[PDB]
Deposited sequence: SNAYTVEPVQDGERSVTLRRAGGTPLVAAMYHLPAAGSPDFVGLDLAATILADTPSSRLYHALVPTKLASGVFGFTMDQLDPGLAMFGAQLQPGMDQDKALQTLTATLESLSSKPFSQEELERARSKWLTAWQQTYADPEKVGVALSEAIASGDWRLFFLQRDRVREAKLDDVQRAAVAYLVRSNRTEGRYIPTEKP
């Protein structure tokens, strides 16, 4: 999944987490969770960061073409903002979701997002060819199809379990971009 949401109204902080096995319920869980966490102003990080003036915009990606595969969350700040506080709020928000469980509505939003994208990919043999090759490079051709099936059958508590299981300190690495 790919999310980058910036306010209507450049330093950057990031946090990255190792993903589970490509073919698992947890992987599809965190793919969906990343959308809920970073996509649109309704998302967890935007709501946590922007209205409160700690960040100018937020993003969340799951990057399966890396080995290790990574989920990467972050925020772009304005010139004079507090990187320390921005990074602490970001990781706090991401790592404390048993305190703030996903809603069915949020799950549905992400599921719909994910499946829209798969359908555009499938309708196009050029895109299907790339995706299948990414599947064989991940280890199994069936993944392309398997993952769609996981996403259609995903219940709220799997996705809750995936994110709580993987968005944890022991699996966190931080970054900041501080320009010259």
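**Q** Counting from 1 along the deposited sequence, which stretches lack C-alpha positions?
**A** Since the structure holds only modelled residues, the stretches it omits are 10-23, 195-197.
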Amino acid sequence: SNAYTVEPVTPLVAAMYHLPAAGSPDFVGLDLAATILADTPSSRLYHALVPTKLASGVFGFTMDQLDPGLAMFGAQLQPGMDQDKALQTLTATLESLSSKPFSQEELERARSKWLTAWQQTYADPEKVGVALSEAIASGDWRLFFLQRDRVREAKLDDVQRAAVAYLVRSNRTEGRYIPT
From here on, numbers count along this sequence of modelled residues.
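**Q** So 114-122 or 64-72, which one's hotter by mean CA B-factor in the entry?
**A** Higher of the two, by average CA B-factor, is 64-72.
**Q** Looking only at CA atoms, which has the higher mean B factor in the entry: 96-104 or 79-87?
**A** Going by the record's values, the stretch with the higher mean is 79-87.
**Q** Reading the B-factor column of the entry, which of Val58, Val130, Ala33, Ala137 has the highest value at its C-alpha atom?
**A** Answer for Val58, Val130, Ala33, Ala137: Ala137, with the highest C-alpha B-factor.
**Q** With respect to C-alpha B-factor, does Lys53 fall in the lowest, middle or highest third of the chain as deposited?
**A** Highest third, going by the recorded CA B-factors of the chain.
**Q** Which third, lowest, middle or highest, does the CA B-factor of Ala21 fall in along this chain?
**A** Within its chain, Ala21 is a lowest-third residue by C-alpha B-factor, going by the deposited values.
**Q** Where does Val9 sit by CA temperature factor within its chain: lowest, middle or highest third?
**A** Within its chain, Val9 is a highest-third residue by C-alpha B-factor, going by the deposited values.
**Q** Compare the C-alpha B factor of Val168 with those of the other modelled residues in its chain, then answer lowest, middle or highest third.
**A** Its C-alpha B-factor belongs to the highest third of this chain's values.
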